[PDB]
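Q: This is the structure, below, for whatever I ask next.
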Amino acid sequence: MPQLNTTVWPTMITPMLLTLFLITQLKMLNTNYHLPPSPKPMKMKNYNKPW
Amino acid sequence: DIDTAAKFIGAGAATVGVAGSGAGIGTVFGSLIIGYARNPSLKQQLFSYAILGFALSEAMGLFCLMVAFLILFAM
């Protein structure tokens, strides 16, 4: 079983860490979801005429 | 050699432990059919439980294929 060849293990451990923990994560941060725009048509800080 | 020979019987025997996951997986995806036929509105929550059961079931199944290959090659 080549999986048990413990000599090239450091060749798999590092670039995974360089891919699972740095690169791919750095692409999810660049996938943002904005809150959808429903600005209410009812925003009027008004007041009765001067009386 | 008696060692190279016994490795074939030992690795062959430990593979029978996969028969447990063949049956356990059939029960999970069998109960998912029954459980979904009664409350189909929970389809997404039921399936979440099937995968958890499928994984934990097949987990015990691969522990056997572990020993099956631990004996055949790693020894």
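Just so it is clear, chain B uses Swiss-Prot numbers, and the residues here are 62-136, in order.
Structure method, as recorded: electron microscopy, 2.6 Å.
Including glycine, each Cβ sits where the backbone N, Cα and C put it.
Copying in the features that Swiss-Prot gives for the protein in this structure:
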MOD_RES   B:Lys104  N6,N6,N6-trimethyllysine
SITE      B:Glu119  site 'Reversibly protonated during proton transport'
TRANSMEM  B:77-97  transmembrane segment
TRANSMEM  B:112-132  transmembrane segment
Q: Determine, from DSSP, whether B:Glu119 (site 'Reversibly protonated during proton transport') sits in helix, strand or coil.
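A: DSSP assigns B:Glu119 (site 'Reversibly protonated during proton transport') to helix.
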Q: Residues sitting near the transmembrane segment (B:77-97): Cβ under 8 Å, six or more positions beyond its termini, same chain?
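A: Residues packing against the transmembrane segment (B:77-97) from afar: 103-104, 107-108, 110-111, 114-115, 118-119, 121-126, 128.
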Q: In angstrom units, rounded to an integer, how far apart are the Cα atoms of B:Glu119 (site 'Reversibly protonated during proton transport') and B:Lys104 (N6,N6,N6-trimethyllysine)?
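A: On Cα coordinates alone, these residues lie 22 Å apart.
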Q: Please determine which of the recorded positions listed here (B:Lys104, B:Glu119) has the lowest count of neighbouring CB atoms within 10 Å.
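A: With the recorded positions B:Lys104, B:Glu119, fewest surrounding Cβ atoms within 10 Å: B:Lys104.
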